[PDB]
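**Q** Before I ask anything, let me first share the structure, which is written out below as structure tokens.
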Amino acid sequence: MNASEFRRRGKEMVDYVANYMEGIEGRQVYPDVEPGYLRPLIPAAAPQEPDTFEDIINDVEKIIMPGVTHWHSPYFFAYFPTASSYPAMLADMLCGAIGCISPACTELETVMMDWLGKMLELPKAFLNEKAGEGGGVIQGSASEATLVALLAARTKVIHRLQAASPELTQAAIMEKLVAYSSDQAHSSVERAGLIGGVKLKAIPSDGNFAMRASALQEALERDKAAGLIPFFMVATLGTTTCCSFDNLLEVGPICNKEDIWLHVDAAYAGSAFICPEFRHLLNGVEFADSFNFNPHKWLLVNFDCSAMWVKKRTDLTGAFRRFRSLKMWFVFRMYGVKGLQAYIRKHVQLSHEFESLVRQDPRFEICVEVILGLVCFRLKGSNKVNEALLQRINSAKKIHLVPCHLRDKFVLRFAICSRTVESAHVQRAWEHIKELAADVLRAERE
Amino acid sequence: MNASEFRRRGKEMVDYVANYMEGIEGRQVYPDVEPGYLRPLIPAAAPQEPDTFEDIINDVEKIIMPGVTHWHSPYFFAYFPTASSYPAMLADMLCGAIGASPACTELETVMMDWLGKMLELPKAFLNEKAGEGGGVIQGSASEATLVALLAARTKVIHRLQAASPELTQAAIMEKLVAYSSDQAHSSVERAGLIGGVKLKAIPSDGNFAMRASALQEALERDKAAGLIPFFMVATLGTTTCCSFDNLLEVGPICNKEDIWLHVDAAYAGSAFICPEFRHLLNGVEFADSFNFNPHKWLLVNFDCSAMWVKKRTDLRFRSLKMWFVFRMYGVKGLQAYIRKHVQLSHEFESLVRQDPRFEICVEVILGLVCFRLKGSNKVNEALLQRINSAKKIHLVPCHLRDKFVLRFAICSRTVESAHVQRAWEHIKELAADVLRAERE
Ligand SMILES: Cc1ncc(COP(=O)(O)O)c(C=O)c1O
């Protein structure tokens with residue numbers, strides 16, 4: 001098709017999109033289709049002549065929609081929020097026109113990482129605006145980022161021990177290397193240790209599911225005693241399981257003095273640190289060698305955006321593609337800092353709403369302190385009761401919740417995710433959960 | 001911003017984008033601004049209140065455009081891998097709104113069938129209810145080559161162990177050999193290193209095609225030296241020139257010698273939707289796997305690389321975009337698209353044959369012309385250097401044998417023979433100046 005025809009149809013698709021979004025509340029979030037429903041609906045071969053746009057869009061409604069998961073539904077309460085903003089869509093559009101994989105890309109990235117750095121109020125050591133030795137950079141995921149960090153640290157320690165002891169071979173050194181994370185850390189850490197070919201050990205967390213000084217130091221002594229070599233440690237701010245926070249201020253100086261590279265994975269919670277109410281949870285970065293979080297989670301930049309800063313950017317070269325700063329730029333300019341702060345606080349509020357609806361009911365309990373946007377709750381009593389509860393919910397198909405385990409407790413996770421969630425939805429949700437609970441607790445007397 | 005702001009600014013962006021594409025002829029293909037230009041044009045910190053859309057798009061022209069490459073220019077005469085058609089942009093827009101997905105798994109299966117029939121692969125390769133064999137979208141062609149090689153590795157190991165229970169996997173692998181043309185895309189070499197097997201190049205003939213004589217030789221030399229051939233990559237539309245391995249001669253030898261025959265159609269594979277070109281693909285019946293990237297010529301986004309196997313046992317929502325592109329051009333549209341480009345190629349080819357200073361190195365079949373200035377390597381390097389220096393068009397070189405070469409690829413959506421005329425005349429001029437200098 002020619003330019004002029006894209007105009008008619010692009011604008012049409014813009015309308016089609018807006019509609020889908022405006023009416024999204026109406027859709028059953030999860031698909032109920034029987035395998036192989038699709039093939040009969042689509043012809044055996046490609047068409048010789050072009051089809052009409054009318055026919056194709058109809059077909060998107062009739063054929064594709066029924067078979068897709070609508071995660072932008074405000075009724076999606078699983079995992080963590082996944083960024084989808086209209087400003088990013090507009091960027092993707094432009095970005096599709098230009099194409100990408102020169103200087104505007106690299107430069108807007110550096111400057112955007114500086115914008116974001118100033119927002120999270122990071123130590124100047126991570127910022128390269130005033131000529132600093134460190135800087136920011138966009139990765140595809142927290143996981144990739146953690147890997148990039150593990151491998152920079154690996155390279156580092158090798159270059160150190162070899163400088164001080166030339167006779168020493170790479171193979172012989174990596175045999176000894178040990179890395180760390182909290183027992184609450186994310187799989188991406190294990191992934192990294194295996195790719196990086198080193199040993200990974202978990203530190204036991206405390207009753208707030210946080211890594212502390214004493215526990216980390218036990219570990220280190222234990223492994224140094226056996227001749228192993230600490231080189232890398234990941235600290236999680238906003239664990240996947242229950243949004244708990246490693247004690248960065250306790251752990252930072254330890255890592256420093258033990259010549260252990262400290263990476264802070266803040267993939268979800270990191271977004272909230274642009275609000276002064278939450279910035280303190282980040283106190284400690286001072287000590288970190290690298291810091292990462294996912295704007296494509298809670299900062300409205302559409303997927304593929306992961307933000308990482310390092311104290312020494314040449315440390316990073318040791319590890320040896322797209323135009324993502326454009327999205328960031330659009331999102332930041334189209335919302336402003338204030339608007340972003342509001343986005344965050346609106347979720348946090350709604351999470352506290354749900355929280356206090358649960359407390360208020362003598363039958364339930366909160367399991368972890370509710371810090372920001374995730375609620376870990378439970379029906380008082382047996383696990384089995386709560387596995388029963390989650391079944392009912394997940395079977396009813398109105399909402400969907402993801403259980404986790406906290407030591408020995410089975411726990412239900414409610415997560416404020418979507419861009420358009422209001423107080424109304426959260427309430428509707430809690431109704432549904434509470435009907436189903438009473439049902440369960442009544443089938444408990446039989 | 002809310003949904004009705006987006007109905008407005010979204011349609012506005014549709015306009016900005018179309019304008020962009022339409023006037024693209026006029027833009028210089030390469031930035032003429034230095035790393036460092038951007039920071040001072042843009043404030044030091046993010047704004048507190050929302051900026052206006054109007055000020056943002058103005059900033060895109062004034063600030064972003066000078067700093068950007070413009071690979072969608074007709075004057076970009078190489079393969080732009082992240083190039084996209086309009087139907088693809090329409091798809092992306094929807095894909096954004098949407099974002100465990102039964103529709104995306106199943107559409108992909110049907111699209112692979114569509115592509116399949118378009119290329120008219122033998123019935124075997126079809127996943128269309130036949131049972132045996134089938135097709136899959138791999139990440140990239142490198143990833144495909146590696147998948148075939150692993151499948152092939154596994155096959156030979158089982159084969160040899162059934163015959164000789166004593167042989168160990170390790171003892172076997174140490175002796176395995178893989179082959180490909182000496183024009184084999186780099187991604188064969190990588191697949192071998194990861195598969196931990198020996199890779200040897202088969203020398204091509206006067207046409208840069210792999211032939212029986214050369215294949216048999218290597219199988220003889222290596223079998224006798226106690227090695228075991230197990231895998232080969234035949235290339236259809238090489239990445240240096242636009243060469244074509246002879247499947248008719250190579251195929252039968254593979255089947256006989258138990259060599260697994262993977263065909264790498266690369267970029268060229270798309271041309272086989274046209275009857276004129278299907279003869280270059282005769283031989284696939286012998287092949288065990290077949291791969292190509294439809295991005296190049298079937299106007300998709302390159303997240304896509306199609307691969308089929310004769311036997312399936314031996315082994316992001318992409319499908320939507322495919323569906324949109326195929327549904328929106330039609331087969332005939334797609335065909336006209338390849339055909340136009342081939343035509344532009346033969347037109348550039350003429351201009352080249354019509355100047356005695358230049359030669360043509362490889363038969364021009366598809367959208368690529370390999371030519372140079374008659375004479376010396378030195379000379380040509382100098383000509384390429386000053387073409388890129390002028391930044392008005394872009395070309396990439398390659399080495400065929402021992403000889404530097406200029407590749408002219410007609411690849412963009414908007415290319416017309418005017419752009420070709422204008423580019424050739426540009427290439428003549430700087431060749432004059434280059435020739436002069438050489439005399440000194
Ligand atoms: C002949 C050939 N094989 C393999 C490849 C690799 O393609 P991809 O980058 O999609 O893996 C290319 C593309 O550049 C090619 O031209």
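Ligands are numbered from 1 in the order shown, residues from 1 within each chain, and chains are lettered A, B, ... in the order they appear in the structure tokens.
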All residues within 6 Å of ligand 1 are required, counting only C-alpha atoms and all ligand atoms; please report them as a list in words.
**A** residues 140, 141, 142, 185, 187, 238, 239, 266, 267 and 293 of chain B
**Q** List every residue of segment 23-212 of chain B that DSSP, applied to the backbone of this structure, places in helix (DSSP H, G or I), and write the result as a VMD selection string.
**A** chain B and resid 23 to 26 39 to 41 53 to 67 86 to 98 102 to 119 123 to 125 141 to 163 169 to 175 187 to 195 212
**Q** At a cut-off of 7 Å, can you tabulate as JSON lines every residue of chain B near chain A together with its closest atom pair and the distance in Å to one decimal, using only C-alpha atoms and ordering rows by chain then number?
**A**
```
{"residue": "B:1", "atom": "CA", "partner": "A:86", "partner_atom": "CA", "distance": 6.7}
{"residue": "B:3", "atom": "CA", "partner": "A:18", "partner_atom": "CA", "distance": 5.7}
{"residue": "B:6", "atom": "CA", "partner": "A:86", "partner_atom": "CA", "distance": 6.4}
{"residue": "B:7", "atom": "CA", "partner": "A:15", "partner_atom": "CA", "distance": 6.0}
{"residue": "B:10", "atom": "CA", "partner": "A:14", "partner_atom": "CA", "distance": 6.0}
{"residue": "B:11", "atom": "CA", "partner": "A:11", "partner_atom": "CA", "distance": 4.8}
{"residue": "B:13", "atom": "CA", "partner": "A:90", "partner_atom": "CA", "distance": 6.9}
{"residue": "B:14", "atom": "CA", "partner": "A:10", "partner_atom": "CA", "distance": 5.9}
{"residue": "B:15", "atom": "CA", "partner": "A:7", "partner_atom": "CA", "distance": 6.4}
{"residue": "B:17", "atom": "CA", "partner": "A:97", "partner_atom": "CA", "distance": 6.2}
{"residue": "B:18", "atom": "CA", "partner": "A:3", "partner_atom": "CA", "distance": 5.6}
{"residue": "B:22", "atom": "CA", "partner": "A:3", "partner_atom": "CA", "distance": 6.6}
{"residue": "B:35", "atom": "CA", "partner": "A:103", "partner_atom": "CA", "distance": 5.3}
{"residue": "B:38", "atom": "CA", "partner": "A:107", "partner_atom": "CA", "distance": 6.3}
{"residue": "B:39", "atom": "CA", "partner": "A:111", "partner_atom": "CA", "distance": 6.6}
{"residue": "B:45", "atom": "CA", "partner": "A:115", "partner_atom": "CA", "distance": 5.0}
{"residue": "B:46", "atom": "CA", "partner": "A:115", "partner_atom": "CA", "distance": 5.3}
{"residue": "B:47", "atom": "CA", "partner": "A:336", "partner_atom": "CA", "distance": 5.3}
{"residue": "B:48", "atom": "CA", "partner": "A:337", "partner_atom": "CA", "distance": 4.7}
{"residue": "B:49", "atom": "CA", "partner": "A:336", "partner_atom": "CA", "distance": 4.7}
{"residue": "B:50", "atom": "CA", "partner": "A:336", "partner_atom": "CA", "distance": 4.3}
{"residue": "B:51", "atom": "CA", "partner": "A:333", "partner_atom": "CA", "distance": 5.4}
{"residue": "B:64", "atom": "CA", "partner": "A:104", "partner_atom": "CA", "distance": 6.1}
{"residue": "B:67", "atom": "CA", "partner": "A:104", "partner_atom": "CA", "distance": 4.6}
{"residue": "B:68", "atom": "CA", "partner": "A:104", "partner_atom": "CA", "distance": 5.8}
{"residue": "B:69", "atom": "CA", "partner": "A:102", "partner_atom": "CA", "distance": 6.2}
{"residue": "B:70", "atom": "CA", "partner": "A:98", "partner_atom": "CA", "distance": 6.0}
{"residue": "B:82", "atom": "CA", "partner": "A:99", "partner_atom": "CA", "distance": 6.0}
{"residue": "B:83", "atom": "CA", "partner": "A:99", "partner_atom": "CA", "distance": 6.4}
{"residue": "B:86", "atom": "CA", "partner": "A:6", "partner_atom": "CA", "distance": 6.4}
{"residue": "B:89", "atom": "CA", "partner": "A:96", "partner_atom": "CA", "distance": 6.6}
{"residue": "B:90", "atom": "CA", "partner": "A:10", "partner_atom": "CA", "distance": 6.2}
{"residue": "B:94", "atom": "CA", "partner": "A:17", "partner_atom": "CA", "distance": 6.5}
{"residue": "B:96", "atom": "CA", "partner": "A:89", "partner_atom": "CA", "distance": 6.6}
{"residue": "B:97", "atom": "CA", "partner": "A:17", "partner_atom": "CA", "distance": 6.2}
{"residue": "B:98", "atom": "CA", "partner": "A:70", "partner_atom": "CA", "distance": 6.3}
{"residue": "B:100", "atom": "CA", "partner": "A:69", "partner_atom": "CA", "distance": 6.8}
{"residue": "B:101", "atom": "CA", "partner": "A:68", "partner_atom": "CA", "distance": 5.1}
{"residue": "B:102", "atom": "CA", "partner": "A:67", "partner_atom": "CA", "distance": 5.4}
{"residue": "B:103", "atom": "CA", "partner": "A:67", "partner_atom": "CA", "distance": 4.7}
{"residue": "B:106", "atom": "CA", "partner": "A:38", "partner_atom": "CA", "distance": 6.4}
{"residue": "B:110", "atom": "CA", "partner": "A:39", "partner_atom": "CA", "distance": 6.7}
{"residue": "B:114", "atom": "CA", "partner": "A:45", "partner_atom": "CA", "distance": 5.1}
{"residue": "B:326", "atom": "CA", "partner": "A:46", "partner_atom": "CA", "distance": 6.5}
{"residue": "B:327", "atom": "CA", "partner": "A:51", "partner_atom": "CA", "distance": 5.7}
{"residue": "B:328", "atom": "CA", "partner": "A:50", "partner_atom": "CA", "distance": 4.8}
{"residue": "B:329", "atom": "CA", "partner": "A:50", "partner_atom": "CA", "distance": 4.9}
{"residue": "B:330", "atom": "CA", "partner": "A:50", "partner_atom": "CA", "distance": 4.4}
{"residue": "B:331", "atom": "CA", "partner": "A:48", "partner_atom": "CA", "distance": 4.7}
{"residue": "B:332", "atom": "CA", "partner": "A:48", "partner_atom": "CA", "distance": 5.5}
```
**Q** Mind checking which residues fall within 8 Å of residue 236 of chain A, counting only C-alpha atoms, ignoring those fewer than 4 positions away in the same chain, and posting them as a short mmCIF file (atom, residue, chain, number, x, y, z; two decimals) with C-alpha atoms, in the first residue's frame?
**A**
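Result file is selection.cif:
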```
data_model
loop_
_atom_site.label_atom_id
_atom_site.label_comp_id
_atom_site.auth_asym_id
_atom_site.auth_seq_id
_atom_site.Cartn_x
_atom_site.Cartn_y
_atom_site.Cartn_z
CA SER A 181 21.52 -13.38 46.69
CA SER A 182 18.70 -13.56 49.21
CA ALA A 185 15.84 -13.33 45.07
CA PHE A 245 13.55 -5.13 50.77
CA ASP A 246 17.14 -6.17 51.40
CA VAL A 264 20.96 -3.91 43.23
CA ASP A 265 18.01 -5.49 41.47
CA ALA A 266 15.02 -3.21 41.97
#
```
**Q** Quick one: residues within 10 Å of residue 79 of chain A, only C-alpha atoms counted, chain neighbours fewer than 4 positions away excluded, as a short mmCIF file (atom, residue, chain, number, x, y, z; two decimals) with N, CA, C and O atoms, in the first residue's frame?
**A**
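Below is the file that was written, out-v8.cif:
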```cif
data_model
loop_
_atom_site.label_atom_id
_atom_site.label_comp_id
_atom_site.auth_asym_id
_atom_site.auth_seq_id
_atom_site.Cartn_x
_atom_site.Cartn_y
_atom_site.Cartn_z
N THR A 240 10.06 -10.56 44.47
CA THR A 240 8.97 -11.02 43.60
C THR A 240 7.88 -11.57 44.45
O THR A 240 6.70 -11.36 44.20
N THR A 241 8.28 -12.28 45.48
CA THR A 241 7.37 -13.04 46.32
C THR A 241 6.43 -12.17 47.16
O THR A 241 5.25 -12.47 47.23
N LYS A 297 7.87 -2.10 33.69
CA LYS A 297 6.99 -2.65 34.70
C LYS A 297 6.09 -1.55 35.26
O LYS A 297 4.89 -1.50 34.95
N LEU A 374 1.47 -4.29 46.24
CA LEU A 374 1.28 -5.72 46.29
C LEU A 374 0.74 -6.07 47.67
O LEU A 374 1.27 -5.61 48.65
N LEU A 401 -5.46 -14.56 40.55
CA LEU A 401 -4.43 -14.26 41.57
C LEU A 401 -3.34 -15.32 41.61
O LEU A 401 -3.61 -16.49 41.37
N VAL A 402 -2.12 -14.92 41.94
CA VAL A 402 -1.02 -15.88 41.98
C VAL A 402 -0.56 -16.16 43.41
O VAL A 402 -0.12 -15.25 44.10
N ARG A 413 -1.47 -13.63 46.72
CA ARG A 413 -0.97 -12.33 46.32
C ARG A 413 -1.98 -11.53 45.50
O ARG A 413 -2.40 -11.98 44.43
N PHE A 414 -2.36 -10.35 45.97
CA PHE A 414 -3.12 -9.41 45.15
C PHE A 414 -2.20 -8.29 44.67
O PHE A 414 -1.52 -7.66 45.47
N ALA A 415 -2.17 -8.04 43.36
CA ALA A 415 -1.26 -7.04 42.83
C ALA A 415 -1.97 -5.95 42.01
O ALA A 415 -2.67 -6.24 41.03
N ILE A 416 -1.80 -4.70 42.39
CA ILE A 416 -2.28 -3.63 41.52
C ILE A 416 -1.35 -3.47 40.31
O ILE A 416 -0.16 -3.14 40.47
N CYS A 417 -1.91 -3.73 39.13
CA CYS A 417 -1.14 -3.81 37.88
C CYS A 417 -1.48 -2.74 36.85
O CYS A 417 -0.62 -1.97 36.44
#
```
